[PDB]
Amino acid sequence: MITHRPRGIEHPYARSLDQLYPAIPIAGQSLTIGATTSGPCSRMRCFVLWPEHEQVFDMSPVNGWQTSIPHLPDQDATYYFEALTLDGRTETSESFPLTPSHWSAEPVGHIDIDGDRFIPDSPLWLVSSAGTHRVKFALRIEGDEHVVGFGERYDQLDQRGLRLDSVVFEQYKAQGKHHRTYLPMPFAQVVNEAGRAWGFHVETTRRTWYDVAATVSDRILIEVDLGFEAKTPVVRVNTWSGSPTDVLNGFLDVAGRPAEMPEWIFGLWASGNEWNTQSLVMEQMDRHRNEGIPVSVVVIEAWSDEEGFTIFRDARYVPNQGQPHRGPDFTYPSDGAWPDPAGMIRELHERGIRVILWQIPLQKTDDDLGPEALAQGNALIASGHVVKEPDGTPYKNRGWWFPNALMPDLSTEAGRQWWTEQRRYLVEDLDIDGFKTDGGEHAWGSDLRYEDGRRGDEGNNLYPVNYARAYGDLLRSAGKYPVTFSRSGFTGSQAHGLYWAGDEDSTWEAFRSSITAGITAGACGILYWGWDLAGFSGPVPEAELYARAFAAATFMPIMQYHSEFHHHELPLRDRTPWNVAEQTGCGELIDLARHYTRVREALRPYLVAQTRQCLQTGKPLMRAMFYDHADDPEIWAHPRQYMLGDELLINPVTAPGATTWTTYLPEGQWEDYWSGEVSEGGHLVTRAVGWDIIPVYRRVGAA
């Protein structure tokens, strides 16, 4: 048969071979029409039925076929495809509607917005006979203003001069180079060089695009998807002005505010994907103890049966019909991977170490699965609590990671509870302390259905917010802090747990990119942020990178090392101080990890106290210079310097071969963290940088 889907697979940054490009066809511009066949074909044509004119296009093959209409007429039409199979059948497709759109400056909708930066007659509305699909409007920016926000960004702090968008996506590595993110938000601050700021927030969970004075040097062009249903269009844009802090506080009053968190999150977090037995985990924690490199949290990713992510690997149990297990349901073989998971967790607690288990918001449907995971899958579908296609059947994951997996519907209390009830015994009976809530970026499709009544145009970006929320609520209901550790999010994510910057190679550019990610994330109210120090993917980082990154990571909100799955191949890829020391032949890295973990522990009361202040003030912890020094033009030339709380100015060393490093100190008296040497502000200062030093300066208080 012939397959044609007007929007295609709806990969946000890519197009399939069976769609219209553009997906919302535009009168005047060109229209590319693709379709696929399930068997081989010698020929295919596209018939287009306008009122008085018929046209037939000989499509060219890329089993994909394609043609294009160079200048699209402004009339409603219909189209269908005719293919000739190699065996001589003529196949014919369904009938499809073509309703070309145009931009009009007529008051089709209303943009509800205050403040004097809105351009009164900039609104353009993309309209057809089907309705109103997108709006395009503008805000003016002045020659001394800088733009920071749009969530976690990996390319640069100041977004002025760039074209970007805000859609949840998984960009596997090089997020900076590709200009994408796991955690965007349709919000930004605009900060001038006299200390005053304004901000804006497009109140939607639909996709938004921004041209931040790239095309028009004094205009921020905003484009907003109005969505599948296409209803009289009203777009609400919240706005604030005052100090940079007033503006971020504005947004948090709407979006949500960070939670209180227990002090144990500020110790070193140990992680490695190939710690996949109880003995591998304990071997590493005993090594931490014996080396004097204290760890406060261990993350176990490869803990489960790798089918349902609810049961420890090799656990034995009576089969359930998909209802939740309790802890006494399980017997653990002595010679299995996890002989006594409750015993591991108890012992680790007795040592002061908390345990976190990886989770994914996907239910595998491989044909390899055992009976328990199939039953768990059928029970999820049977509950109704599954994201659905327009036809009502379950959404099958369109990615190549976990292909065709189901996606639990976490849009309602009942669906979140259904999903997390399967995991409750882990918290209540085995006593885990939290979850690495990975993923959430898998929902592609404008026309998907959620139980809250949203379609995919609004629900898909909202998914990771609901997802982190789900597990937080599980943990609260079990008497524990909502320590979730997530990589994706949206407006609302501020209130739900901790965040890390995702997947990167072990490179200097990724180190730089990660700093930028933490600062930008802080600037949109993601307070509890971390990253995989020195990178998690590929060969172990070179010694110099690990040294510089470990140092930097000591002065960031969440400090952890992690390593990617590598099939248990050789050499070992752990980012442990000892493995990186052995692979690099630099035994000194173990001492250095001792040194900086001692600094980390001494830093913990400051991290606790400054976090508490951040909750009241609204200011980030990992804090861009403009929050306290926006009246100093010179801060913008040093965008990878940042404040850690009110008192410390941090400047990581991000270049190999560096023996000195230069820092810009803002106005005031400053004190070298390591030597006590006093410098006066308003000046550049230079520091020797042995690997035991990262430039850090403390404000000099009154005597």
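Numbers follow the displayed sequence, beginning with 1.
The stretch of deposited sequence separating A655 from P656 contains no residues lacking coordinates in this entry. The deposited sequence places no unmodelled residues between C586 and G587, so the chain runs continuously there. In this entry, the higher average B-factor at the C-alpha atoms falls on 115-123, of the pair 508-516 and 115-123. Mean CA temperature factor is higher for 194-202 when stretches 267-275 and 194-202 are set side by side in the entry. Highest C-alpha temperature factor among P571, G377, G399, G327 per the entry: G399.
Highest CA B-factor among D409, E307, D431, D246, as stated in the entry: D246. Placement of the Cα temperature factor of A188 within the chain: middle third of the modelled residues, per the deposited record. When the modelled residues of the chain are ordered by their C-alpha B factor, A688 lands in the middle third.
When the modelled residues of the chain are ordered by their C-alpha B factor, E421 lands in the middle third. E301: CA B factor in the lowest third of modelled residues in this chain (values from the PDB entry). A637: CA B factor lies in the middle third for its chain, per the PDB record.
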